[PDB]
Amino acid sequence: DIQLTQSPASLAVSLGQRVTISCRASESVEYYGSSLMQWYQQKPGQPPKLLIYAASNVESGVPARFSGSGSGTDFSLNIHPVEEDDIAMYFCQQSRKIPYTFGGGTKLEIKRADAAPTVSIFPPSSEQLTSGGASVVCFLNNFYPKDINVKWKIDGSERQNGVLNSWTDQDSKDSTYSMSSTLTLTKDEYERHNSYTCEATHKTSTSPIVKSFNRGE
Amino acid sequence: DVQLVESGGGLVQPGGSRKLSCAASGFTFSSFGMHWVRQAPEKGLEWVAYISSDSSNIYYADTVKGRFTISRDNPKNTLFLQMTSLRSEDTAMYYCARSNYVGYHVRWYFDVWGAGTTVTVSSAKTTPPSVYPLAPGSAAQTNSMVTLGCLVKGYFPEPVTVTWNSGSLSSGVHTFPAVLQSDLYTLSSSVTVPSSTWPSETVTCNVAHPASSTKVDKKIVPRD
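Deposited coordinates in this entry are attributed by the record to X-ray crystallography, at a stated resolution of 2.50 Å.

1. Some points on the domain arrangement of chain B
Residues and elements named next belong to chain B. By domain assignment, chain B separates into domain 1 (1-123) and domain 2 (124-222). When each unit is reduced to the centre of its C-alpha atoms, the spacing between domain 1 and domain 2 is 37 Å. Contacts between the two partners involve five residues from domain 1, matched on the other side by six residues from domain 2. In total, about 390 Å² of surface goes out of reach between domain 1 and domain 2, with carbon and sulfur atoms giving 50% of it. Sorting the residues of domain 1 by area buried against domain 2 places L11, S122 and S123 first, and these three jointly supply 79% of that buried surface. Connecting domain 1 to domain 2 are zero salt bridges. There are one residue pair in polar contact connecting domain 1 and domain 2.

2. A short note on the packing of aromatic side chains
This structure, assessed with the given rule, holds 21 aromatic pairs over all chains. Seen from their ring centres, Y196 of chain A and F213 of chain A are 5.6 Å apart, and the 15° between their planes marks the pair as stacked. In this pair, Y196 of chain A is assigned in strand β17 (residues 195-202) and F213 of chain A in strand β18 (residues 205-214), connecting sequence segments 17 residues apart. Given the relative accessible area of 0%, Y196 of chain A is considered buried. Under the relative-accessibility criterion, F213 of chain A is labelled buried at 14%. For the ring pair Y50 of chain B and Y59 of chain B, a centre distance of 5.8 Å and an interplane angle of 15° mean the geometry is stacked. Judged by its relative accessible area of 11%, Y50 of chain B is buried. An aromatic cluster is built from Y40, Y100 and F102 of chain A together with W47, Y95, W108, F110 and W113 of chain B, whose rings are joined through pairwise contacts. One cation-aromatic arrangement involves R215 of chain A over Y190 of chain A; the distance from NZ or CZ to the ring centre is 5.3 Å. A cation sits over an aromatic face here: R98 of chain B above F27 of chain B, 4.7 Å from the ring centre.

3. Here's the deal with the sheet that holds strand β10 (residues 106-110) of chain A
Residues and elements named next belong to chain A. Taken in spatial order, the six strands line up as β2-β10-β9-β4-β5-β6 in an open sheet, and their pairing is mixed. Edge positions in the sheet fall to β2 (10-13) and β6 (57-58), since each of these pairs with one other strand and no more. Inspection of the sheet shows strand β4 (residues 37-42) paired to strand β5 (residues 49-53) by three bridges, in the antiparallel sense. Along β5, the bridge assignment pairs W39 with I52.

4. Section: the state of the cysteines
Structurally, a disulfide amounts to a covalent bond that connects the sulfur atoms of two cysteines. Residue and element names in this part refer to chain A. Scanning the model with the defined rule gives four disulfides over all chains in all. The side chain of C23 participates in a disulfide bridge whose partner is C92; the two sulfur atoms lie 2.0 Å from each other. On the sign convention where negative means left-handed, the S-S torsion of about -85° between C23 and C92 marks this disulfide as left-handed. Of this pair, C23 sits in strand β3 (residues 19-25) while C92 sits in strand β9 (residues 89-94), placing them 69 residues apart in sequence. In this structure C23 comes out as buried when scored by relative accessible area, which is 0%. The side chain of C138 participates in a disulfide bridge whose partner is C198; the two sulfur atoms lie 2.0 Å from each other. Given an S-S torsion of about -90°, the disulfide between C138 and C198 has left-handed geometry. One end of the pair, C138, is in strand β12 (residues 133-143); the other, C198, is in strand β17, and 60 residues separate them in sequence. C138 gets classed as buried once you look at its relative accessible area, which sits at 0%. Its relative accessible area of 0% is what places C198 among the buried residues. Ordering the disulfide-forming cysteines of chain B by sequence position, one finds them joined as 1-2, 3-4.

Procedures and definitions
- Residues numbered from 1 in each chain as written, not as in the entry; some residues may be left out.
- Chains lettered and ligands numbered in written order.
- Heavy atoms only, no water.
- Residues with missing side-chain atoms left out of burial classes, pairs and counts.
- Domains from an automatic or database assignment.
- Contact = heavy atoms within 4.5 Å.
- Buried area = accessible area lost by both parts, 1.4 Å probe.
- Salt bridge = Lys/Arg side-chain N within 4 Å of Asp/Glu carboxyl O.
- Polar contact = N/O pair within 3.5 Å; in protein donor to acceptor, adjacent residues only side chain to side chain.
- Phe/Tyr/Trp six-rings, centres within 6.5 Å; stacked < 30°, edge-to-face > 60°.
- Helix = DSSP H or I, 4+ residues; strand = E, 2+ residues; numbered from the N terminus.
- Buried < 20%, exposed > 50% of the residue type's maximum accessible area, 1.4 Å probe, protein only.
- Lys NZ or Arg CZ within 6 Å of the ring centre and 35° of its normal.
- Pairing = 2+ DSSP bridges.
- Disulfide = S-S within 2.5 Å.

Shown next as structure tokens:
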């Protein structure tokens, strides 16, 4: 099939600045003097919206700040004065061969000043322990940029199984990101150890933020 | 007001079947070819099938070739997708989309999209969540702000809503998207408030899970 590679996977912008994202095809999508490539934007929990068709044709209704160009295999969408409403996901879509494919998308996010996460750790609740399970939860809130890593240490060494993670979308109020990390254990394994550590590595600091609690309290 | 409103989505056991209907309203439905496009959670868009405005041609993504059949009823103006031998991976939001010609036929593009209907293929049975209070320790509190939270675990199917004090606390809240471990969903929520407020005043997380008609108000109490 025809592969569509979009880049970057995500871009941080300042409203008012120019924006340009590209889309490449593993094969040509040109057909008798015309490129059959489209651009679609999509906002969380909502259906895609057509912006450009045939590489450069600007669908009726979409602002002039938008424009598209390219041909052959290379294409690109341009939002010169990028504004609030443009913060969303952008997909690449061809109509040349079947199956008709879409690119992996490029997410435009609000550029903001770096921020270190606020980390909090919580031991399993009595209610859960009564059920034979034990979850240790850790929140890494309001940090920027998005990239962050979480490492779970038990008594002193790291754990990698039974660790489930979740990330929020960028916050509309402060433009930061948040993550939630849960380490689940059986109650017996939870009671054979004392130290539960949550360590977060983010761009802000080279020295991991460390949060932990010891049983016996 | 050209639009498409697909319906028919819901829960299905692996191997089961389900019919999807797309209701058009505001254009010569008999002139425009139609498409079905799906999007798995957190995933991208995957074209599913296309049908002529004349039921002349119908194309399927190999991924559903011998299991899904697309059809159109020009009169009642509706598009259908018949799903059978459904698998876990068929789980996605299903979109209804009108094709369109700028120069002529081959030079087409997806013109309009409906709000879509969800389709979840699972063997899991409806299951209320377990709501566990997330409270810090006595001294291990520190600062002027304190963070508390709720762990909503092992429920099915999605969705679940969470509020703090029925909404009185909206700022400084973070409820994370659910993660599907095994065949059950798990999610969490945190809320940050001033230290001079918690132990002293109540902080409750309200969890709602309609599929099981569950409404739980878990009060966050201090740990002895």
